[PDB]
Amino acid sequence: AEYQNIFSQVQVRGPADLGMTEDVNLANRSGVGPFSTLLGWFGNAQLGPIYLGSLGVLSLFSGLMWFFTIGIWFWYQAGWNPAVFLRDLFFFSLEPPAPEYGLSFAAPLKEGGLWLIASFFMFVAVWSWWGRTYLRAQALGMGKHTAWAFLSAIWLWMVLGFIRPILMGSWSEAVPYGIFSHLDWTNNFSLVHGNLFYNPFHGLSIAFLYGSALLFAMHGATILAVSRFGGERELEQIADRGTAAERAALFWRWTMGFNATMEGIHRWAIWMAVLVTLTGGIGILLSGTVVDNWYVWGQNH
C-alpha cells in the first residue's frame, strides 16, 4: 500500500526554535520545555517556550480562582468526604441565585452568592485571555484575526451567562457550574422555549457546526493529499502558487464546479467557524426576551 502522512514515518529532531522576536518582550518568554516523541508522531515534538505577561498572569490567576471557587463548593456539597467527592463529581453544581433575588448581589454565599463570585473570576479570566490573544499577535506584527474569532465564542458565552440573564431580570436564568447540571439546563432551556430546533438561529448554528466538520475534513484531507508537493506550507503557496495549490483547486473545481485559493480557503474556514457562535448567540439572546415559543413563532411567520 501507500503512505498516507497521517502519522510521521521518521521523526527528526534538531535545536529547539526559540521563535521570532519581532516586538515580543523576551523578558516574559519562558525557557524551552522538553520534546515529546509521543506528540512527534502526529505533529511537532517541541514543548514551549510560552509567554506570560501581566494580562496572562491575571488571566491565570482569575481562572484558577474560578476553578477554586467551584472546587471548594463541590467539597462542601460532598461534605468534605473524598469518596463522595469522586462519586458525585459530575453531579455537583454551583447554581445561580434563585429568582427571588433578581439581579441582586445580596444573595447569600450558600444560595447563589458563591456562583456570582465564581462568575466574576471567569469573566475576568476570559476577557484577560482575549486581550492576551490580541497582544500576542500585535507583538509579532500579525493580524488580529485570532482575537476577532475568539470574540465570537466569547459572544455566546456572554449571552448565556450575563447578557440574557440581565435582560431577563435575574441571575437564575444563567448556566450552572456543573458537568451534568449544565446539560440539564440546556435540555430545559429548549423545552421552556418551545423546541429550540425551531429557532432559526439554532438551525443556522447547526449548519455551520456541521459545516465546520465538513470544511475541515475537506481542507485537512486536501492538504494531506497535496502534501507530496509541499501543500501544508500554505503561506509560501499564497506568495508563489505551486502545483500543490493548483491541484488542490482543480480537484474541487472538477468535483463541485468551483474552488478556492490557498488564501481564500482560510477565509471560508474562519467564517464557517465564527458563524457558529455568532448565530448561536443571537438565537439564545432572542429566547425569552423577544420569543417565548419558537415552534409557535415559526408557525405564524
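Start at 1 with the first residue shown and count on from there.
Comparing 91-99 with 190-198, the higher mean C-alpha B-factor in the PDB entry belongs to 91-99. Remark: stretch with higher mean C-alpha B factor among 34-42 and 263-271 is 34-42. The maximum CA B-factor among the listed residues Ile206, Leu140, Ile223, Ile72, taken from the PDB record, is found at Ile72.
In the deposited entry, the Cα temperature factor of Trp254 sits in the bottom third of values across the chain's modelled residues. Residue-level temperature factors show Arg136 in the lowest third of its chain, judged at the C-alpha atom.
In the deposited entry, the Cα temperature factor of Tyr210 sits in the bottom third of values across the chain's modelled residues.
Residue-level temperature factors show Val12 in the highest third of its chain, judged at the C-alpha atom. Looking at the C-alpha B-factors along this chain, the one for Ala217 belongs to the lowest third.
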